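Asker:
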Amino acid sequence: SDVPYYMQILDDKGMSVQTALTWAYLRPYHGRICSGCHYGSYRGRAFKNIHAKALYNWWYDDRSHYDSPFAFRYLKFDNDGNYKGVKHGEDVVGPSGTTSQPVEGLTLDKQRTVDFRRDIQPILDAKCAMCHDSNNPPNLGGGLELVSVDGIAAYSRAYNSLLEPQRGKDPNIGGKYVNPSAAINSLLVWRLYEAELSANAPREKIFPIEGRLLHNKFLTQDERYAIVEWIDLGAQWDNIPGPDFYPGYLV
Amino acid sequence: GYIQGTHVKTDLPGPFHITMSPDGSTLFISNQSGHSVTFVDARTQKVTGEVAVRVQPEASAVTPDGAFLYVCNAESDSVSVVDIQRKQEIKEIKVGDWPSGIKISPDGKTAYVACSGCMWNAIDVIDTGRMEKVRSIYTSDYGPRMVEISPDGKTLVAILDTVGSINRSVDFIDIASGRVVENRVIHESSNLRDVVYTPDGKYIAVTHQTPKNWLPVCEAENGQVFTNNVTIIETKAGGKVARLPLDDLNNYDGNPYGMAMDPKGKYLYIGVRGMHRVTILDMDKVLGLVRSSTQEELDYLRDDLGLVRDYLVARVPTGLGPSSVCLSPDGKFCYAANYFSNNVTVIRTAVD
Ligand code: HEC
Ligand code: HEC
Ligand SMILES: [Ca+2]
Ligand SMILES: [Ca+2]
Ligand SMILES: [Cl-]
Ligand SMILES: [Mg+2]
Ligand SMILES: [Xe]
Ligand SMILES: [Xe]
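Chains as they are written, first to last, in PDB author numbering: chain D, 550 to 642, 651 to 808; chain B, 35 to 386.
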């Protein structure tokens, strides 16, 4: 509570179908209800009468403030990559008995994010850059070495490649291989899962009919979903606030 | 001297061409109206002599050691062998009609001469030891304008500029074999003035124009009649042929002629004869565009009039009629030969 946040509804593959773009905040001990996902219950429409299961998962105990579960850190998937369920992290916690559920994610120090340099880039170096060079777009090689563009060196080759815009496409939607805050709409994710994930096609020709290569078996589930999380987070480069030890802009 | 195609005399040299010694100490300028070749010291930038050759030279090539200069005499239908140190022509070998260009093999053992006569298709080979024509390599079509030899030295391309043809092609020759392996057609092209190789030999660049012949002649806007283009061809078997625009919407480069390739292949230099300027392009952005685009997308991008600004480094003011350009071995300087102004423009490149 007392922190800015928003939310994303997810499918069985754990990708965001719809993102809520705004900044929501909760006061301590407070709680907030909504009829739907931008249904208009908080804008132009009366609350629809709905009897929900979640209502019984909220507060059932007289000795507790809230019996509702805290946000889980990880996910577990089955062998096919479908969503199996939610998984606890190592942040678990005075403390009193004022809630029934385990206390998770209240430590600001240990709150997890996906950083391209620390997380994605090594995966790219290991499983990708071998076959991808200047001669085979996108160019994922070069490691973490910064690339100067218009007199400014910020990110690496792989980041510059993946975030490259596409002709005839709104950059607010996405680029060639990447759609910020939509993984399901990203061509990269389309190829990594080797399927058409959404009703929005990134471009006209996607899967080559000649010399095609299946990319779905190149990554483990953790790596691939790490990329998915990275894209759904807005596909940043430096996710650690303030100056850090990881490669970046320096003068 | 005579103005080309006329009996009228002129005192002006009228340089049609320029090249440079592999050691970069000397510039050799072919004077079309002067019927001679001007020697220029690169360091002091002043003329060290003028060597008389046969009548109307349009081209020249230097041996790897730099002890000899092979000059193409167009109307004499010949090739002059000149001693560089002695500043004297030591021989005349005679070839097919209108050599427009000549190139020396990497080993320096052989010189290839493109015969540009309208009804003439030939590439004449010349042994440097015999100092004489050996045989002739017949191209796929008429009027080869210029040739180029790979850094490999095992392959020879010839741009075929063919009168009365909309589709104009490029021939690939196997030097050891001595005949045509493949012919690649540039569609809707005309006036191909040059062909150059990338240092890695994976690409070739060709300057030309794209006419629209099948359309009424009405306005000058949006390149309704002529657009000006540079084409990059992948030397790979089944490689892409990418026709790219040289023009802005309201600004065109008239009749691109000469080309100079950066030693490390970073930049491309294009002499623009009509607009009297040198167009410098970024080759990593161009080739980057070629590799990352399909054939369809490139074919569509050929008519994009805003595309140039992506890969265009500069357009540099020059003298009148810069028909040819050349580079120093370090690639830090680009020289452009101006016919009408009778001079040479020296350009400091982006390389530092
Ligand atoms: C060699 C076995 C490769 C490895 C390792 C990786 N990729 Fe690849 N990729 C390879 C080929 C031969 C091709 C050609 C097109 C095809 O679909 O086969 C590709 C293409 C891609 C693409 C599509 C590019 C486009 O359509 O514009 C993407 C998005 C891509 N590759 C990404 C990618 C990633 C993330 C990799 C690490 C898991 C990776 N590639 C490895 C060959 C090889
Ligand atoms: C699905 C994702 C949800 C859910 C579960 C909730 N919201 Fe709402 N929300 C959503 C979208 C797509 C948008 C607009 C995004 C955009 O314009 O780009 C919003 C917006 C808001 C706002 C801003 C004002 C407005 O647009 O009406 C507020 C405030 C807001 N949402 C609050 C809110 C509340 C109280 C919810 C109950 C938990 C809630 N959101 C859920 C999508 C979604
Ligand atoms: Ca930081
Ligand atoms: Ca003749
Ligand atoms: Cl709602
Ligand atoms: Mg008009
Ligand atoms: Xe929200
Ligand atoms: Xe210019």
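Just so it is clear, CB atoms sit at the ideal spot from N, CA and C, and this is done for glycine as well.
Under 8 Å by Cβ, that's how I've got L339/B and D282/B pegged, so tell me the actual separation to the nearest angstrom.
Answerer: Between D282/B and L339/B the Cβ distance is about 6 Å, and since that is below 8 Å, they are a contact.
Asker: What is the residue span of the beta strand (DSSP E) that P245/B lies within?
Answerer: First-last of the beta strand (DSSP E) with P245/B: 237 to 245.
Asker: Could you tell me the distance, in whole angstroms, from the CA atom of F50/B to the CA atom of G187/B?
Answerer: Taking the straight line joining both Cα atoms gives about 27 Å.
Asker: Would you report the Cα separation of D208/B and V251/B, rounded to the nearest angstrom?
Answerer: One C-alpha to the other measures close to 42 Å.
Asker: Report yes if the C-beta of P185/B is less than 7 Å from at least one heavy atom of ligand 8; otherwise report no.
Answerer: Because no heavy atom of ligand 8 lies under 7 Å away, the Cβ of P185/B does not count as near it: no.
Asker: Under the assumption that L354/B contacts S375/B (Cβ atoms under 8 Å), give the Cβ distance between them as a whole number of angstroms.
Answerer: Going by Cβ atoms, the distance from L354/B to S375/B rounds to 5 Å, so yes, they are a contact pair.
Asker: Pick out whichever of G135/B, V204/B, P98/B, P279/B has its Cα sitting closest to the Cα of residue 24/B.
Answerer: This structure does not reach residue 24/B, given that chain B is present from 35 up to 386, and the question cannot be answered.
Asker: According to DSSP, simplified to helix, strand and coil, what is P356/B?
Answerer: Of the three classes helix, strand and coil, the one that applies to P356/B here is strand, per DSSP.
Asker: Out of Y712/D, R622/D, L697/D, which one is the CA nearest neighbour of residue 643/D?
Answerer: Between 642 and 651 the numbering of chain D has a gap, and residue 643/D falls inside it, with no coordinates.
Asker: When burial is assigned at 16 or more other CB atoms within 10 Å of the CB, is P47/B buried or exposed?
Answerer: Under this definition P47/B is a buried residue.
Asker: Cutting at 7 Å between CB atoms, please list the residues of its own chain near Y172/B, excluding the five before and the five after it.
Answerer: The answer, listed in chain order, is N155, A156.
Asker: Can you tell me which of the three DSSP states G322/B falls into?
Answerer: Helix, per DSSP.
Asker: Under a Cβ-count criterion, where at least 16 other Cβ atoms within 10 Å of its own Cβ denotes burial, should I709/D be classed as buried or exposed?
Answerer: Flag for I709/D reads exposed.
Asker: Taking DSSP as the reference, what is the three-state secondary structure of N107/B?
Answerer: In the structure shown, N107/B sits in a strand (DSSP, three-state: E or B).
Asker: What does the Cβ neighbour count give for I63/B, buried or exposed, with the cut at 16 atoms within 10 Å?
Answerer: When all chains shown are included, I63/B counts as buried.
Asker: Measuring from the CB of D801/D, is there a heavy atom of ligand 3 at a distance below 7 Å?
Answerer: Result yes, Cβ under 7 Å from ligand 3.
Asker: Going by DSSP in three states, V85/B sits in which element: helix, strand or coil?
Answerer: In this structure, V85/B counts as strand in the three-state DSSP scheme.
Asker: CA-CA distance, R669/D and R781/D?
Answerer: Straight-line Cα distance between these residues: approximately 17 Å.
Asker: Which ranges does the alpha helix (DSSP H) cover as unbroken runs of at least 4 residues, wholly within the stretch 739 to 797 of chain D, from first to last along the chain?
Answerer: Those alpha helix (DSSP H) runs which fall completely within the stretch 739 to 797 of chain D and span 4+ residues are 744 to 749, 778 to 789.
Asker: Could you please go through the chain and list the residues whose beta-carbon is closer than 5 Å to any non-hydrogen atom of ligand 4?
Answerer: Listed along the chain, these residues meet the criterion: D111/B, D131/B, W132/B.
Asker: With 8 Å as the threshold, decide whether the Cβ of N717/D is near any Cβ in chain B.
Answerer: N717/D does not count as touching chain B.
Asker: Using a Cβ-Cβ distance under 8 Å, would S110/B count as near chain D?
Answerer: It does not: the Cβ of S110/B has no partner Cβ on chain D nearer than 8 Å.
Asker: So, at 6 Å on beta carbons, what are the nonlocal neighbours of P245/B in its own chain, with the 5 sequence-adjacent residues on each side left out?
Answerer: Excluding sequence neighbours, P245/B sits near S224, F260.
Asker: Along chain B, which residues have their Cβ under 7 Å away from the Cβ of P694/D?
Answerer: Ordered by position in chain B, the residues that pass the 7 Å Cβ test against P694/D are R325, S326.
Asker: Just to confirm my understanding: we take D676/D, look at its own chain, exclude 5 residues before and 5 after, and list those with CB closer than 6 Å. What are they?
Answerer: Counting only Cβ-Cβ distances below 6 Å, and skipping sequence neighbours, we find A783.
Asker: Can the beta-carbon of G35/B be found closer than 8 Å to that of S59/B?
Answerer: Result no, Cβ atoms of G35/B and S59/B do not sit closer than 8 Å.
Asker: Which runs of the beta strand (DSSP E) spanning at least 3 residues fall entirely within the stretch 90 to 174 of chain B, listed in chain order?
Answerer: The qualifying runs are 91 to 96, 102 to 107, 112 to 117, 122 to 128, 133 to 138, 144 to 149, 156 to 161, 166 to 171.
Asker: What are the start and end residues of the beta strand (DSSP E) that includes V342/B?
Answerer: From DSSP, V342/B is part of no beta strand (DSSP E) but of the alpha helix (DSSP H) over 342 to 345.
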